[PDB]
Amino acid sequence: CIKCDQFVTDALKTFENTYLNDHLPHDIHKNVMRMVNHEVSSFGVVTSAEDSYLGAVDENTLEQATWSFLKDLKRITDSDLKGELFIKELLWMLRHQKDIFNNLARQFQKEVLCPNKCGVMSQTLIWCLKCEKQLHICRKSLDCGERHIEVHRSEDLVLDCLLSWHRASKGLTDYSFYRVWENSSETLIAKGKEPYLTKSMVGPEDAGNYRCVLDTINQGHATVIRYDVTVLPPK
């Protein structure tokens, strides 16, 4: 994906126009750049199989890969290498950075990509072949499950609808909280950016069922959690 990044293509222009002069005779510059561009353009190419993980990463991972690449490219131009030794180390550096990119992509795939265990998460990916940015949808069943909540009369009732991946999901709008009556109809009792609902001084009338619905701009609901609330007598 690093060919997609302006910093990389700016750096490669400077590499060719300014720094190669210091390391190589002019009449090998253009073919050396063909080697460099070829290597760089292959980052994240998939060859079917089990390396589809290579094909897209999020913007943070691209950024890490870009800066890793820039550091190693500068190391090369700052070096005292010339001639064949320079070319050899340049190619090895590009192969090494490709491995680093692959390790970053594998880490992204394992820990960061679609970490939700329920609900629908949206993530922003850069696709490495043609540099397209796209919203990726991680779709699982919307209902995340049911909380059993007990609260003593006259204490505060708090319903929490925050999941760990909500902060990273894209396009979220509001959390709606509903009271779900015994005839199964429901009443909207809060709606806004707050991932929780507070009801002060609960009484027996607050006992029953509630539901949170987290919505998105255009990808449908992202989370539902249900709450079964018992109001206990005072201690």
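All residue numbers refer to positions in the sequence shown, first residue = 1.
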With B-factors read from the PDB entry, the higher C-alpha mean of 101-109 and 85-93 is in 101-109
Going by the entry, of stretches 153-161 and 138-146 the one with greater average Cα B-factor is 153-161
Max C-alpha B-factor within the set 60, 169, 200, 68 falls on 200
The third of the chain into which the C-alpha temperature factor of residue 14 falls is the middle
Binned into thirds over the chain's modelled residues, the C-alpha B-factor of residue 193 lands in the highest
Here the Cα B-factor of residue 218, set against its chain, lands in the third termed highest
Sorting the chain's modelled residues by C-alpha B-factor and splitting them into thirds places residue 117 in the highest
Binned into thirds over the chain's modelled residues, the C-alpha B-factor of residue 133 lands in the middle
